[PDB]
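In the order they appear, the protein sequences are chains A and A'. A prime marks a further copy of an entry chain.
Residues 64 to 431, 512 to 673 in the deposited numbering are what the first sequence spells out, letter by letter.
Residues 64 to 431, 512 to 673 in the deposited numbering are what the second sequence spells out, letter by letter.
Heads up, the beta-carbon is just placed ideally off N, CA and C, and yes, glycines get one too.
Working notes for the structure below.
Protein chains: 2
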Amino acid sequence: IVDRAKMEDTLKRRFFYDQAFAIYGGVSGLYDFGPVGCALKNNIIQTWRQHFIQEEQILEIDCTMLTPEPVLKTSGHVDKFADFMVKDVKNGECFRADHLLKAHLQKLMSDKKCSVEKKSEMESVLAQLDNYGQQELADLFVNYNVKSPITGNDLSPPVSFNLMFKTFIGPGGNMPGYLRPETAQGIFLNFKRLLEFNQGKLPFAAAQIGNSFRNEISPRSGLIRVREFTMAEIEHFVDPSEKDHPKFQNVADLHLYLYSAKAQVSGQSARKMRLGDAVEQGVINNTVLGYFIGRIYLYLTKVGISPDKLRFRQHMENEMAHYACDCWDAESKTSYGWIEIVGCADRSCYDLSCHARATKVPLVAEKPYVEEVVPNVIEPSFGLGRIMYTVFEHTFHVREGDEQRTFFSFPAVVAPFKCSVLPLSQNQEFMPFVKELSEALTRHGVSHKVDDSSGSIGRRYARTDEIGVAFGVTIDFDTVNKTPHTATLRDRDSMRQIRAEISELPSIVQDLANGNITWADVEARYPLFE
Amino acid sequence: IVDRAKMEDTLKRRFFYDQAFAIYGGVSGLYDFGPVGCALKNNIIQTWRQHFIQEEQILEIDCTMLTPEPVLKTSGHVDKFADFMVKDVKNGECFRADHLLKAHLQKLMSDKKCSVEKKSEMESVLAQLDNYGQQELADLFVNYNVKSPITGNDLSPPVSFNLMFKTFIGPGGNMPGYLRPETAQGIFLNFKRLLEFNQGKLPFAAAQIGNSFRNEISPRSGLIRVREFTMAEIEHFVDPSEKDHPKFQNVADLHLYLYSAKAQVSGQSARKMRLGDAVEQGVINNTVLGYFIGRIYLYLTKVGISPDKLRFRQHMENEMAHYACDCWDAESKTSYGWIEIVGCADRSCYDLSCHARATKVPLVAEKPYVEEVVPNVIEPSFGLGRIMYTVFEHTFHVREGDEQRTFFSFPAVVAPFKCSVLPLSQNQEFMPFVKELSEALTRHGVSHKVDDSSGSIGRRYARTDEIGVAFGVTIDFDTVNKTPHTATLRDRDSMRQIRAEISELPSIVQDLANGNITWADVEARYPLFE
Ligand SMILES: Nc1ncnc2c1ncn2[C@@H]1O[C@@H](COP(=O)(O)OP(=O)(O)OP(=O)(O)OP(=O)(O)OC[C@@H]2O[C@@H](n3cnc4c(N)ncnc43)[C@H](O)[C@H]2O)[C@H](O)[C@H]1O
Ligand SMILES: Nc1ncnc2c1ncn2[C@@H]1O[C@@H](COP(=O)(O)OP(=O)(O)OP(=O)(O)OP(=O)(O)OC[C@@H]2O[C@@H](n3cnc4c(N)ncnc43)[C@H](O)[C@H]2O)[C@H](O)[C@H]1O
């Protein structure tokens, strides 16, 4: 239970993100990222960089965003990629059908005039909605009778609005095109030279961190439903017969909630299995697909998301994307309900065969006499955009003080800046002290900023606290007069401070940030400080 | 004098960059970046990050790429942003007028049937071409008589083809739009909250590193003329009366070539002045504008560009961009002729007033009773795309060996990876040696890779050399048998190797890379090694 009001405010006011073209109304689905937003956004992508590109030796490439029609035609996006959009025959007013109807019953079932009878099946319609194809979706629009959420007029019938953007490369129009809704298409169109790198063998994974434009229909969800976002997609290319990952055991232990395709049509709550097990019972197919799920879960933990509001729901027989057959998602419970943050498909051999075909060009690899195979790609797609947002809710807190102060609890690995050094007075009796302390941290690799904004030591930290800043070091007179020189080490969450000598602090904020010492351990080694 | 053939090849073959949608023909102006390309591209942006955002405390923000018409209408892009495009009335075939004509005379003057007479003025037409407005450009198309470079048909008349891309945000078309051809527009539309950060004072600079789409007409220049590129733009906001930079003295010494607006209409060669001087004589207006020129020059040096093929040419009275009045460029001499890599405008108060107007919203700052001013922005725009390319030529070399090997000479600060450790045999008598050496480097922060590709120690380095890899460490038997254990330290450029004990090497590759020791100094401290 989080409070959107007080956060969307604290966020926007502290310029994490805010509506683009503000001074023009602001196009919905389009938001900009201020400084502390960028600092956070870069720290999330710099972690995601270790966690994957580093650890698993991932081949990186930066592909163009401007795509020519033929390429998206072959993948079959020009076709099946879109959302059902209706609209009241009064004025234009669009609406992603899907959701509109999902809001109708969420009004009936919630209204107390419901029959313990009805209520139980409208749930059976919601939990089966992404499945409903063109027809059933057209029908249901008659039944429950849908009518514009604003001034209830009469919505036309459900239609397939393609989400891709559209433009022409070069002058004229002989070369129409689109704005790549996903990155991968590029990782594949490059397959040959990407195979090349890994000596022609498999497994070998590729990747890309960049933009993807998705002209949504009714962007009303804030940072969750945007028309342009930064996402990172990995294209793990493994043998169709070797679907057995050489590391899986490092992530089988993990006990993550799972909500199989059966635990859905078999209307039952998700379970908190184990991975080494969930794969046993035939649920999570092979092991590769389970390993990435393990990592995907560690990253999401490491960056902020909390164990409790994260689950993995496989799709439904035809809730499938046009390019896959199997597939799992990382859904994060939030004020908008469970939403996916890290889609993880299993698009067997689709994409690669479709392209090799249409271009009459050969796309294969070989194994040991030596047979040719079409690798089976397993794509773990991350939408940093939403991943950041989940981190914002899961860590938002309101300190218990009538004052109404707020502090985010970001892991030291993503906070705008780890430590925030602050002295009382700004004279030369403090400088030769503050100076050192900054460089000494610099050396230790503890990202920081020296506090200048005036206010009581305590009001100063209210600011440091709002943007999640991990730790703080208070440098008062006693640090500049008493000898040894002791400073104040304050843990953002507990506002509890420590008093340690000043030249030892940098190595302390370090061990603290890296997860090489608890806050409790400090209170135990050094003296407290109310 | 560089050789495009042998490089465009070595580049593309080593997947630095290559045509996008290869297996489809490849849309010109659109290229992708392979791994060693990305590694280089990221190292250039990570340097540019220190050099500017770090040093000058630059406020960063990440703005959207999708822009709604009204915003680009107010800046006046919907109007004056474009290139003159003709086309032979036979078939479509476009052509940026500008250049087509510039290729015609570059054929007349070069053809030996020229009069020492004519030749001298066609130069007077080329050196004054960006100036020629709609008319004179229409006229000259009659004179010199321009006719399609391919199957000389008859080109229509010169017209204003707007370069911006075009699309509709949301379903319908009630909200048309474009793909931001530059970033800044965003930095301005955010002015208010950006002022806020710096306590409402000036100077204070903003910035953005991201994409910009520029639907060129005849992308035929490779990586130099692309339809989509990553660029970084800084928006330094200083007082219209304080145009005097608080650091300029740190960059006045520098002796960089300058080619004033007068040294152009006064048809005379560029000069190799000094900055503290060039500003004296009234050429380079104030000092801010000169400081950034100093930095802009250091970065371009630090990353690769060579002093000699870099100059700064101010624009011509009406070669101006629609948003500026004064302006300098960083042109880099290359196989395509001097081309600009780092545009540096002085767009006084244009952009900010235009927006504050159209939106009826107030955009100002105050100084000490306390008057309101419209800061004067000074924009240093970097096109990493072309900056990378200049680095590719300026450092391409062919080792003197009939064999035809090539090695780039990237400053250790941008090479795919600094050191490249390589052992002969792959057994356990080498591991406990290679292992250490990697971590020991890891600790020292010397990005590296262990050589696996088979071949003679020497053929191995041919590879390390092609992608510019800074240094190499050869680990042979004598390192694993003789004691002390000595390795081989090889300097990419001179192929000259050193023999030093192995546990001391990591700190050596370090000092070497950081510019804290010459290669000569090694040959002096340690023993050689043919
Ligand atoms: N029977 C059927 N036939 C055809 N289509 C059917 C169908 N049933 C359901 N559908 C679905 O309806 C469409 C709705 O798409 P979307 O509008 O993109 O939203 P989504 O389904 O909630 O995310 P998705 O799961 O598609 O993300 P993706 O794999 O592309 O890529 C990964 C995601 O990218 C990011 N992302 C996607 N959209 C985003 C947005 N608008 N804002 C921010 N991030 C976004 C997410 O963070 C990340 O998880 C889907 O394309 C299609 O699968
Ligand atoms: N009288 C007149 N009236 C109106 N317009 C006139 C004119 N006389 C000349 N012109 C010029 O004609 C147009 C040609 O533009 P472009 O097609 O973008 O090429 P340019 O002039 O060589 O680069 P420019 O100097 O414009 O780069 P910019 O400041 O935008 O931004 C910085 C640059 O971005 C990068 N960049 C720009 N285009 C690139 C491309 N196609 N590929 C790669 N990088 C590019 C460069 O690296 C970097 O220096 C210019 O917009 C306009 O000024």
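(1) Grab me the residues of residue 406 of chain A's own chain with a C-beta within less than 6 Å of its C-beta, minus the 5 sequence neighbours each way, in chain order.
(2) Give me whichever residues DSSP pairs with residue 149 of chain A in a beta bridge.
(3) Could you run through the stretch 114-138 of chain A and flag, in chain order, every residue whose CB is less than 8 Å away from some CB of chain A'?
(4) Excluding five sequence neighbours on each side, which residues of the same chain lie with their C-beta closer than 8 Å to the C-beta of residue 163 of chain A'?
(5) At a cut-off of 7 Å, is residue 83 of chain A close to ligand 1 when judged by its beta-carbon and the heavy atoms of the ligand?
(6) Using a Cβ cut-off of 8 Å, pull out every chain A residue sitting near residue 474 of chain A', in sequence order please.
(7) Suppose you measure from the CA of residue 214 of chain A to the CA of residue 535 of chain A; what does that come to, to the nearest Å?
(8) Answer with yes or no whether the minimum CB distance from residue 412 of chain A to chain A' is below 8 Å.
(9) Taking a contact to mean a Cβ-Cβ separation below 8 Å, would you say residue 260 of chain A' touches residue 426 of chain A' in this structure?
(10) Would you please verify whether the beta carbon of residue 204 of chain A is less than 8 Å from any beta carbon of chain A'?
(11) Just the Cα atoms here: how many angstroms apart are residue 153 of chain A' and residue 283 of chain A'?
(12) Would the C-beta of residue 144 of chain A count as close to ligand 2, meaning under 7 Å from any of its heavy atoms?
(13) Compare the C-beta of residue 221 of chain A with all C-beta atoms of chain A' and state if any pair is closer than 8 Å.
(14) Quick one: is the Cβ of residue 219 of chain A within less than 7 Å of any heavy atom of ligand 4?
(15) DSSP state of residue 294 of chain A, grouped into three classes?
(16) For the candidate residues A/350, A/373, A/233, whose alpha-carbon lies nearest to that of residue 334 of chain A?
(17) Would you mind listing the alpha helix (DSSP H) stretches within the stretch 222-260 of chain A that are 4+ residues and don't spill past its ends, in chain order?
(18) In the structure shown, what three-state DSSP assignment does residue 526 of chain A receive?
(19) With respect to the beta strand (DSSP E) encompassing residue 664 of chain A', which residues constitute its N-terminal and C-terminal limits?
(20) Can you tell me whether residue 173 of chain A is buried or exposed? The criterion is at least 16 other CB atoms within 10 Å of its CB, across all chains shown.
(21) Output, in chain order, the set of chain A residues within a Cβ distance shorter than 8 Å of residue 422 of chain A'.
(22) Is there a Cβ of chain A' sitting closer than 8 Å to that of residue 418 of chain A, yes or no?
(23) Give the interface partners of residue 234 of chain A over in chain A', defined as CB-CB distance under 7 Å, in chain order.
(24) Less than 7 Å between the CB of residue 597 of chain A and some heavy atom of ligand 2, yes or no?
(25) Spatial neighbours of residue 669 of chain A within its chain, please: C-beta separation below 6 Å, excluding the five flanking residues on both sides.
(26) Does residue 290 of chain A' come within less than 8 Å of chain A when only Cβ atoms are used?
(27) Going by C-alpha distance, which of A/376, A/584, A/309, A/655 is nearest residue 403 of chain A?
(28) At what residues does the beta strand (DSSP E) containing residue 566 of chain A begin and finish?
(29) If you reduce the DSSP assignment to three classes, tell me which class residue 125 of chain A' lands in.
(30) According to DSSP, is residue 656 of chain A part of a helix, a strand, or is it coil?
(31) Considering only the alpha carbon of each residue, which of A/329, A/327, A/268, A/224 lies closest to residue 279 of chain A?
(32) Whole angstroms are fine: how far does the CA of residue 222 of chain A sit from the CA of residue 193 of chain A?
(33) Can you list the residues of chain A' that residue 252 of chain A reaches, using a CB-CB cut of under 8 Å?
(34) If we define contact as Cβ-Cβ less than 8 Å, is residue 263 of chain A' a contact residue for chain A?
(35) Residue 595 of chain A: buried (16+ other C-beta within 10 angstroms of its C-beta) or exposed?
With the structure as the only source:
(1) Translated into positions along the first sequence, residue 406 of chain A becomes position 343. Once the five neighbours on either side are set aside, the close Cβ partners of residue 406 of chain A are 392, 524.
(2) In the first sequence, residue 149 of chain A corresponds to position 86, counting from 1. Residue 149 of chain A is bridged to A/158.
(3) So the list reads 122, 123, 124, 125, 126, 127, 128, 129, 130, 131, 133, 134, given in the order they occur along the chain.
(4) Within the second sequence, the letter at position 100 stands for residue 163 of chain A'. In the same chain as residue 163 of chain A', and ignoring 5 residues on each side of it, the C-beta atoms closer than 8 Å to its own belong to 149, 209, 212, 218, in chain order.
(5) Here residue 83 of chain A is taken as the residue at index 20 of the first sequence, counted from 1. Not so, every heavy atom of ligand 1 lies at least 7 Å from the Cβ.
(6) There are no coordinates for residue 474 of chain A' in this structure, because the numbering of chain A' runs from 431 directly to 512.
(7) As a first step, residue 214 of chain A is located in the first sequence; it is residue number 151 there, counting from the start. As a first step, residue 535 of chain A is located in the first sequence; it is residue number 392 there, counting from the start. Going by the C-alpha atoms only, they are around 34 Å apart.
(8) Locating residue 412 of chain A in the first sequence gives position 349, where the first residue counts as 1. The beta carbon of residue 412 of chain A sits no closer than 8 Å to any beta carbon of chain A'.
(9) For the purposes of this step, residue 260 of chain A' is taken as residue 197 along the second sequence, with counting starting at 1. For the purposes of this step, residue 426 of chain A' is taken as residue 363 along the second sequence, with counting starting at 1. No, Cβ-Cβ distance for residue 260 of chain A' and residue 426 of chain A' is not below 8 Å.
(10) Position 141 of the first sequence, counted from the first residue, corresponds to residue 204 of chain A. Closer than 8 Å: no.
(11) Stepping through the second sequence from its first residue, residue 153 of chain A' is reached at position 90. Stepping through the second sequence from its first residue, residue 283 of chain A' is reached at position 220. Cα to Cα, residue 153 of chain A' sits roughly 21 Å from residue 283 of chain A'.
(12) In the first sequence, counting from the first residue as 1, residue 144 of chain A sits at position 81. The answer is no for residue 144 of chain A.
(13) Locating residue 221 of chain A in the first sequence gives position 158, counting from the first residue. At a cut-off of 8 Å, the C-beta of residue 221 of chain A has no neighbouring C-beta in chain A'.
(14) Only ligand 1 and ligand 2 can be found as ligands here, which leaves ligand 4 out of the picture.
(15) Along the first sequence, one-based indexing puts residue 294 of chain A at 231. In the structure shown, the three-state DSSP call for residue 294 of chain A is strand.
(16) Locating residue 334 of chain A in the first sequence gives position 271, where the first residue counts as 1. The shortest Cα separation from residue 334 of chain A among A/350, A/373, A/233 belongs to A/373.
(17) With a minimum length of 4 residues, the continuous alpha helix (DSSP H) runs that stay inside the stretch 222-260 of chain A are 248-252, 254-260.
(18) For the purposes of this step, residue 526 of chain A is taken as the residue at position 383 of the first sequence. It is coil, neither helix nor strand.
(19) As a position in the second sequence, residue 664 of chain A' is number 521, starting the count at 1. In the DSSP assignment, residue 664 of chain A' falls outside any beta strand (DSSP E) and lies within the alpha helix (DSSP H) extending over 662-668.
(20) For the purposes of this step, residue 173 of chain A is taken as residue 110 along the first sequence, with counting starting at 1. Burial call: exposed.
(21) Your numbering for residue 422 of chain A' matches position 359 in the second sequence. Result: 86, 87.
(22) For the purposes of this step, residue 418 of chain A is taken as residue 355 along the first sequence, with counting starting at 1. Yes, residue 418 of chain A counts as interfacial toward chain A'.
(23) As a position in the first sequence, residue 234 of chain A is number 171, starting the count at 1. Within chain A', the residues whose beta carbon sits less than 7 Å from that of residue 234 of chain A are 148, 157, 224, 280, listed in sequence order.
(24) In the first sequence, counting from the first residue as 1, residue 597 of chain A sits at position 454. Not under cutoff, so the answer is no.
(25) Position 526 of the first sequence, counted from the first residue, corresponds to residue 669 of chain A. 641, 643.
(26) By one-based count along the second sequence, residue 290 of chain A' stands at place 227. Closer than 8 Å to some Cβ of chain A, the Cβ of residue 290 of chain A' qualifies, so yes.
(27) Mapped onto the first sequence, residue 403 of chain A falls at position 340. With distances taken between Cα atoms, residue 403 of chain A lies closest to A/376.
(28) One-based indexing of the first sequence puts residue 566 of chain A at position 423. Segment 562-566, the beta strand (DSSP E) holding residue 566 of chain A.
(29) Walking along the second sequence from the start, residue 125 of chain A' turns up at place 62. Here residue 125 of chain A' sits in strand by DSSP.
(30) Within the first sequence, residue 656 of chain A is the residue found at index 513, counting from 1. If DSSP states are grouped into helix, strand and coil, residue 656 of chain A belongs with the helices.
(31) Within the first sequence, residue 279 of chain A is the residue found at index 216, counting from 1. Closest option to residue 279 of chain A, Cα to Cα, is A/224.
(32) As a working mapping, residue 193 of chain A is identified with position 130 in the first sequence. As a working mapping, residue 222 of chain A is identified with position 159 in the first sequence. Distance between the alpha carbons of residue 193 of chain A and residue 222 of chain A is about 15 Å.
(33) The sequence position of residue 252 of chain A within the first sequence is 189, counting from 1. For residue 252 of chain A, the residues of chain A' that pass the 8 Å Cβ criterion are 83, 84, 85, 86, 87, in the order they occur in the chain.
(34) In the second sequence, the residue the question calls residue 263 of chain A' occupies position 200. Residue contact with chain A for residue 263 of chain A': absent (no Cβ-Cβ distance below 8 Å to any residue of chain A).
(35) In the first sequence, counting from the first residue as 1, residue 595 of chain A sits at position 452. Burial call: exposed.
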